[PDB]
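The structure follows.
Backbone-built Cβ (ideal geometry, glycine too); neighbour counts: all protein chains shown. Derivation of every value follows stated rules applied to the coordinates shown; laboratory data play no part.
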4 protein chains.
Amino acid sequence: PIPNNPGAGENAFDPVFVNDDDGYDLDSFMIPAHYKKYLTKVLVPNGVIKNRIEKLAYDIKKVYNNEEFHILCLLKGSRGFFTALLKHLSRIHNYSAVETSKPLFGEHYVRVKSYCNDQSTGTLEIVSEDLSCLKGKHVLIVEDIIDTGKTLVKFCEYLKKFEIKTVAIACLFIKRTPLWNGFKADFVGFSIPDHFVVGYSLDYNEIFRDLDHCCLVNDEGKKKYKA
Amino acid sequence: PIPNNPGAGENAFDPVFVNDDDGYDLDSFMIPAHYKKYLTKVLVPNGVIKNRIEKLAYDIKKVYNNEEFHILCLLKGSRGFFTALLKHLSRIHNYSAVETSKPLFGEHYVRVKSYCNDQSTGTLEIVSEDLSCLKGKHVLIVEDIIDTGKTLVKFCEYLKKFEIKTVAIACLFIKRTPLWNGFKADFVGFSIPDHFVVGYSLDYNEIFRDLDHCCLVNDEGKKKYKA
Amino acid sequence: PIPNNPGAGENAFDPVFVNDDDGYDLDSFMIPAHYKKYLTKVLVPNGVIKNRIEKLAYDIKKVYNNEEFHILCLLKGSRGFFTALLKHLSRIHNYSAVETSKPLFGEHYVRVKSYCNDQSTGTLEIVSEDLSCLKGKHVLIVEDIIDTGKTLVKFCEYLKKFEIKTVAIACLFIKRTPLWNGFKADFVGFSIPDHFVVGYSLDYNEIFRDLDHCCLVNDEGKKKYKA
Amino acid sequence: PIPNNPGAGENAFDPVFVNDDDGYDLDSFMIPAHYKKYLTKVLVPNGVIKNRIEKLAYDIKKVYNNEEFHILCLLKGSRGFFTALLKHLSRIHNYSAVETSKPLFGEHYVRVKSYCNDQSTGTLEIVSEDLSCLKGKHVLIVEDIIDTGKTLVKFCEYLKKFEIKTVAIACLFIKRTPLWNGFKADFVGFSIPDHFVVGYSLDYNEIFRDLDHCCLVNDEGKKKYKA
Ligand SMILES: O=c1[nH]cnc2c([C@@H]3N[C@H](COP(=O)(O)O)[C@@H](O)[C@H]3O)c[nH]c12
Ligand SMILES: O=c1[nH]cnc2c([C@@H]3N[C@H](COP(=O)(O)O)[C@@H](O)[C@H]3O)c[nH]c12
Ligand SMILES: O=c1[nH]cnc2c([C@@H]3N[C@H](COP(=O)(O)O)[C@@H](O)[C@H]3O)c[nH]c12
Ligand SMILES: O=c1[nH]cnc2c([C@@H]3N[C@H](COP(=O)(O)O)[C@@H](O)[C@H]3O)c[nH]c12
Ligand SMILES: [Mg+2]
Ligand SMILES: [Mg+2]
Ligand SMILES: [Mg+2]
Ligand SMILES: [Mg+2]
Ligand SMILES: [Mg+2]
Ligand SMILES: [Mg+2]
Ligand SMILES: [Mg+2]
Ligand SMILES: [Mg+2]
């Protein structure tokens with residue numbers, strides 16, 4: 001059935017497991033010249049993230065089938081994930097679509113903020129907006145990464161007040177940090193070591209979002225761009 | 001220099017001109033089976049839009065050079081445009097980037113609503129993170145289409161109270177409609193005939209956003225999905 | 001059923017029709033700086049060709065269903081067409097493939113030469129792996145463009161001696177030239193005006209194969225690269 | 001300088017190193033339903049191969065600069081590699097190209113064959129063709145994988161008789177097999193464990209070429225499709 005136990009990831013499929021020492025030299029891939037000095041290595045190449053997101057879209061389609069749902073994007077680190085997910089979801093649905101078929105999902109955006117440098121501020125800002133349009137709807141939250149779990153634990157709590165029919169979570173990354181609060185997604189791309197990552201829309205004080213690969217910012221980058 | 005006369009498009013390059021009778025049969029390209037009955041034809045295929053956006057990114061990079069600017073995405077219709085632009089902007093910039101280079105842009109979102117069915121309600125609703133963070137910044141507004149010109153003339157008026165350094169406009173489509181108030185973009189993709197279009201994130205009552213090509217919704221489509 | 005009347009295109013769907021004056025300014029799309037002076041304009045952008053080829057792959061899959069066939073690539077002009085076709089054929093087929101499914105096609109190459117400058121030398125030279133391996137097989141010839149029809153009428157004649165089960169033709173372009181001998185493809189992408197085109201693997205004395213868009217070489221280009 | 005010691009890989013950059021136990025579950029990525037039972041795992045995802053090929057193209061451009069050279073594709077397992085390489089090479093060259101620039105490379109194809117099942121036959125068939133056009137030219141051989149090294153050792157020997165100016169080797173994979181004869185490429189994508197791989201144009205008796213990811217065929221697939 002459709003998932004509806006936010007944070008429990010009751011029937012979640014295992015993600016790709018990135019070992020603690022997995023990764024690649026920056027010289028093995030295309031890296032913007034000026035960013036090189038601020039990264040220690042490539043963790044997950046752009047291409048593998050894209051390939052994995054395609055399977056996630058397949059997993060999602062398999063769970064919702066033809067059931068109309070609404071994708072809620074958690075801006076802005078979620079952009080890379082969201083775009084690729086929508087691309088693949090649409091092709092999968094539309095390729096199998098028949099003349100009597102109907103659209104599969106609606107799309108929504110919510111700006112959520114809590115980080116400063118490489119740490120959560122323990123507080124979450126939610127850019128207010130009437131979410132009444134989601135009342136009685138199946139919503140699929142699309143997020144970039146679960147770290148401490150505060151963003152999702154909090155946002156899901158916030159969502160409750162809108163009488164949404166069902167709440168499921170699609171997340172690109174899940175970090176193996178001792179700070180984790182236990183929040184689990186229903187669809188997860190990769191399980192990654194405890195390092196602050198940038199790239200694929202994920203940033204460090206608004207920097208590195210344009211970096212194609214998921215990389216590890218080094219101490220020099222953290223210091224150079226510290227708030 | 002960098003554009004700073006919102007609505008004047010003072011030095012805008014000419015857009016691709018889509019003739020009044022330009023278009024393609026629906027059977028010439030891939031169209032989701034269930035959407036076929038609600039479209040009269042393909043106006044601009046996905047591939048041409050992507051190719052044009054790449055050139056547009058080239059033009060923008062040429063104008064800004066290395067000057068840091070902030071892209072303002074006008075949700076929800078401009079998503080397709082926006083993501084394609086970022087992709088090309090990033091590659092073009094990063095391909096020529098040097099070790100001593102710097103990032104080129106920041107990204108922001110604002111949800112602006114005014115349409116019901118295929119007409120402007122003559123009103124405007126806004127939702128976004130505090131726009132005061134644009135003070136003293138060069139901002140590039142990324143929009144899907146200029147129709148009556150109400151959305152952009154109004155939004156640009158609202159932007160004035162935040163002491164933004166410069167305000168330029170990048171628009172995918174500009175419709176040749178007698179309703180046009182004269183607002184011109186600084187970067188425009190295509191000039192199209194007076195028809196309500198859907199696809200490439202452009203919708204008709206939230207429908208067709210997933211349609212890959214820019215098409216014309218037929219009367220049956222407008223009737224079927226009337227609000 | 002599967003086509004088997006080479007040159008008749010008995011049940012071919014109509015191609016996209018490119019009017020005699022259709023095209024775009026070179027400044028509307030990305031063009032390699034050094035090629036600009038040798039092209040008069042863009043006839044068909046890379047993106048439209050890709051979109052059309054996807055539909056063509058859809059048509060081919062629809063005709064063959066699960067019948068195993070062998071794609072014969074006519075080097076060197078059809079490379080762009082060929083690779084794009086394989087990509088789409090593979091995804092369309094594999095997306096609907098089931099556990100009990102089977103591969104859909106085999107791939108082969110034949111180099112056929114006959115042009116010098118912008119004209120057919122009226123002769124044909126062939127180079128390929130033994131074509132006897134096509135005996136009893138359904139073969140789909142993948143070609144870039146039908147001009148006079150000499151290449152395909154001749155090659156198809158040569159194929160007769162190898163007891164091929166079925167011979168069908170997939171052609172990206174078909175030129176509306178008074179020189180046409182009547183040979184028709186079973187799957188055709190575009191019908192274009194009488195002009196020598198380059199780009200998308202199509203060359204002029206080995207030049208312009210890397211040009212992304214199908215363009216018209218101007219006289220300066222033909223003169224500069226005359227053999 | 002331009003490499004010219006075929007098989008020595010004198011200044012070759014280290015490739016991406018795929019450890020003996022590296023790889024992913026077939027369920028982590030998109031795998032054609034009917035192929036699943038014939039593969040043990042995903043070795044290198046399609047996306048990482050594409051990302052790596054982009055850097056290889058960058059490495060090549062950096063070595064040849066504006067020096068005209070000729071790419072010689074070793075058909076047919078080489079297709080996937082070749083296509084992506086040409087795409088990236090052209091963009092890199094054409095993005096930095098200036099009005100006075102000129103094309104960077106010519107393209108050529110040579111069908112070479114030696115395998116039966118998962119083993120070399122110790123013999124090499126070369127589809128004859130006048131290679132005199134390469135006389136005094138810098139040629140870049142583009143091959144899919146170095147296994148025993150017989151194909152390249154032999155083909156390079158064959159090439160000598162054509163008075164080519166320079167001979168360099170670009171290879172996507174290099175297998176860590178005890179059967180290796182010592183032949184090294186000048187540009188190499190990945191170093192992989194000793195397993196017969198299929199996908200990305202690489203086959204097993206003409207099967208699996210359409211598989212997007214580089215995977216390991218299991219004993220059942222080898223038996224099922226044995227010659
Ligand atoms: O390692 C990281 N790199 C980049 N962004 C982040 C984030 C951002 N912070 C949020 C997750 O944080 P948390 O789970 O700690 O509440 C997400 O919305 C992310 O966009 C966490 N960890 C990282
Ligand atoms: O023909 C159309 N198709 C789809 N959306 C629209 C719009 C939406 N309305 C806004 C432009 O409206 P206007 O210029 O009329 O104020 C844009 O933000 C669009 O998203 C106008 N015309 C169209
Ligand atoms: O206008 C053109 N531009 C580029 N190549 C060609 C060709 C090449 N010539 C062959 C078709 O020739 P024909 O039909 O004249 O025998 C194809 O294999 C093409 O590669 C014909 N016309 C053109
Ligand atoms: O593991 C493999 N999978 C698929 N093809 C191959 C080949 C093919 N055989 C040639 C390399 O073999 P070798 O180096 O042993 O002469 C290349 O041309 C490849 O296309 C070798 N190993 C493999
Ligand atoms: Mg976030
Ligand atoms: Mg962040
Ligand atoms: Mg809008
Ligand atoms: Mg709208
Ligand atoms: Mg030809
Ligand atoms: Mg030619
Ligand atoms: Mg081979
Ligand atoms: Mg082989």
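I'm trying to understand the selection: among the residues of segment A:13-37, which are aliphatic (A, V, I, L, M) and part of a helix (DSSP H, G or I)?
A:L26
Hey, can you tell me all the residues within segment B:130-186 that are among the basic types (K, R) and either touching a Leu at 6+ places or on another chain (Cβ under 6 Å) or on the phi > 0 side of the Ramachandran plot (or both)?
Within segment B:130-186, just B:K154 meets the criteria.
Given (1) more than 22 Å from D:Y204 (Cβ to Cβ); (2) among the acidic types (D, E); (3) away from ligand 10 (no atom under 16 Å from the Cβ), identify the lone condition not met by D:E107.
Result: D:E107 passes all but (3).
Taking the options C:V42, C:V63, name whichever one is more than 16 Å from ligand 8 (Cβ to nearest atom), over 13 Å from the mean Cα position of the chain (by Cα) and part of a helix (DSSP H, G or I).
C:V63
Being within 24 Å of A:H108 (Cβ to Cβ), in contact with a helix residue (DSSP H, G or I) (Cβ under 6 Å, 6 or more places away or on another chain) and away from ligand 10 (no atom under 16 Å from the Cβ) narrows it down to one residue among A:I141, A:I164, A:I174; which is it?
Only one candidate passes the filter, namely A:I164.
Among what's in segment D:140-163 and is basic (K, R) and under 17 Å from the mean Cα position of the chain (by Cα), pick the residue that is farthest from D:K175 (Cα to Cα).
Only one residue tops the list, namely D:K154.
Scan segment A:44-59 for residues that are in contact (Cβ under 8 Å) with a residue 12 or more places away in the chain and surrounded by 23 or more Cβ atoms within 10 Å (Cβ to Cβ) and report the count. Quick ask: steps written out before the conclusion?
Let us first name the residues in segment A:44-59 that are in contact (Cβ under 8 Å) with a residue 12 or more places away in the chain, namely A:44-46, A:48-50, A:52-54, A:56-59.
Checking the rest, the ones that are also surrounded by 23 or more Cβ atoms within 10 Å (Cβ to Cβ) come to A:44-46, A:48-49, A:52-53, A:56-57.
Count: 9.
Still on this model: Is it the case that segment D:208-219 has a residue that's within 16 Å of ligand 12 (Cβ to nearest atom) and more than 15 Å from D:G80 (Cβ to Cβ)?
yes
Now, a different point. Within segment D:178-206, work out how many residues are away from chain C (no Cβ under 14 Å) and not in a strand (DSSP E or B). Full working, then the answer.
Pass one, segment D:178-206, residues away from chain C (no Cβ under 14 Å): D:178-197.
Retained after the next criterion (residues that are not in a strand (DSSP E or B)): D:178-183, D:185-186, D:193-196.
Of the residues in segment D:178-206, 12 are away from chain C (no Cβ under 14 Å) and not in a strand (DSSP E or B).
Moving on to the next point. Within segment B:88-125, track down each residue that is within 18 Å of A:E129 (Cα to Cα) and polar (S, T, N, Q). Working first, answer last.
Restricting attention to segment B:88-125, the residues satisfying the condition of being within 18 Å of A:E129 (Cα to Cα) are B:108-115, B:123-125.
The answer is B:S114, B:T123.
Has segment A:90-100 got at least one residue that is touching a strand residue (DSSP E or B) at 6+ places or on another chain (Cβ under 9 Å) and acidic (D, E)?
No, every residue in segment A:90-100 fails to be touching a strand residue (DSSP E or B) at 6+ places or on another chain (Cβ under 9 Å) and acidic (D, E).
Only one of (1) closer than 24 Å to A:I126 by Cβ; (2) more than 16 Å from ligand 5 (Cβ to nearest atom) fails for B:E129. Which number is that?
Just one mismatch for B:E129, condition (2).
Turning to a different aspect of this structure: Test of understanding: among C:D219, C:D118, C:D210, C:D203, which residue is of a type in the set (D, E) and free of Cβ contacts under 8 Å to residues at least 60 places away in the same chain?
Result: C:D219 is the single residue among C:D219, C:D118, C:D210, C:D203 that is of a type in the set (D, E) and free of Cβ contacts under 8 Å to residues at least 60 places away in the same chain.
Looking at segment C:60-98, which of the residues that are polar (S, T, N, Q) and out of contact with any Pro (no Cβ under 9 Å at 6 or more places or on another chain) is surrounded by the most Cβ atoms within 10 Å (Cβ to Cβ)?
C:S78
Would you pick out the residues in segment C:72-124 that are in a strand (DSSP E or B), under 21 Å from D:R111 (Cβ atoms) and more than 9 Å from chain D (Cβ to nearest Cβ)?
C:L72, C:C73, C:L74, C:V110, C:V112, C:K113, C:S114, C:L124
State the number of residues belonging to segment D:125-148 that are facing another protein chain (nearest Cβ under 9 Å) and either aliphatic (A, V, I, L, M) or in contact with a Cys (Cβ under 9 Å, 6 or more places away or on another chain) (or both).
Qualifying residue count for the region: 1.
Within segment A:151-168, identify whether any single residue is under 20 Å from A:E10 (Cβ atoms) and part of a loop (DSSP other than H, G, I, E, B), and answer yes or no.
Within segment A:151-168 (the criterion being under 20 Å from A:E10 (Cβ atoms) and part of a loop (DSSP other than H, G, I, E, B)), the answer is yes, since at least one residue qualifies.
Here is a further query. I'd like the full set of residues that are more than 18 Å from C:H213 (Cα to Cα) and hydrophobic (A, V, I, L, M, F, W, C), limited to segment B:30-53.
B:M30, B:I31, B:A33, B:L39, B:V42, B:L43
Which ones in segment D:82-139 are of a type in the set (S, T, N, Q), within 19 Å of the chain's Cα centre (by Cα) and under 23 Å from D:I49 (Cα atoms)?
Selection gives D:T83, D:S90.
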